[PDB]
Structures are given as structure tokens and as C-alpha cells.
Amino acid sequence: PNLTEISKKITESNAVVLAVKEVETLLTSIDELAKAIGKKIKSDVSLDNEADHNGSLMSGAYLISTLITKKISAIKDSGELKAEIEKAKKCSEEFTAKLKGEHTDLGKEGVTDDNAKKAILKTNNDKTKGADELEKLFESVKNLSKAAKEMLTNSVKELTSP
């Protein structure tokens, strides 16, 4: 086995996995934001209640959604992941577009807990203000991560293979 070609592929594949991890983690940060809906920091580990003032929180989620698209475009291409990358990107753009289009209810300081959940809480029943797109975006990145990790693991096992 040519150690030169394998080491190169390992390095390249690992860079791809790390790039996808950034995207995956940003989605994770939004899920954490969702748990802060209708809450306020009290003097405890647990948060206190303060309903319907989720505007700044939603603005934060919105900026992260734009960063996500930029990170997806930062993944080094090679065709092998073209399909997965394109799907994740369009879904990330759809999510951001949905949040923008719902600015009537999401673009003000007084965003209600209920509307905030329809936008960023994937486990909400009503996902009509962005949550639906977020859920799909989660799946597309999940499929992208599996394919990426697959290329990495396969590149490494080439060292000991057969």
C-alpha cells in the first residue's frame, strides 16, 4: 500500500469530516437556543420563566442559520459528496428564507414562546415558521456526516487491509 497516497487521503478526508462537524455542531447550538425559549437566567443552574420575549434569541438563531450555509460551502469538494453537500446547502438556505419570511411574528422583541417554537423547536407539533426546514436540514447534514465519516474510515483501514 502506497503510504504517500493513503496519508494524503486521510488528511484530506479528516479535513472534510471536521468541516461537516462544524455544520453539525452549529445545528446543535440552535437546538440549545430552542431550550432557552421563554426563559431567563436566574441565580441558579436552572433557568427561570419569562415568556414571549424571544426576539433577540431568534435573531441569534437566524445569524447562526446564515453561518451554517457559509460553512457548508466551505467543505472541500471532490464530487464524491457533491449530492450530499448540495442537498444540505439548499435546505440550509430554505431554513434561513423561512425565518426571514416569518419576520412579522419573529422580527420584534416580543416573539411569543409559541411562535419561537414553530421556528426552531424540531420536536414541536406546529413547525410552520421554520422548524420544518430545520428538521429536514438536520437529516441532510446527518446523511452528509455519515458519508464523510465513511470516506475517512475507509481511508484509514487501507493501512491494515486486507
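Note that residue numbering follows the sequence shown and begins at 1.
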Original post:
So 23-31 or 47-55, which one's hotter by mean CA B-factor in the entry?
Top reply: 47-55
**OP:** Give the stretch, out of 147-155 and 12-20, with the larger mean C-alpha temperature factor in the deposited entry.
**Re:** 147-155
Original post:
With respect to C-alpha B-factor, does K118 fall in the lowest, middle or highest third of the chain as deposited?
Top reply: lowest
**OP:** Sort the modelled residues of this chain by their C-alpha B factor and say whether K70 lands in the lowest, middle or highest third.
**Re:** lowest
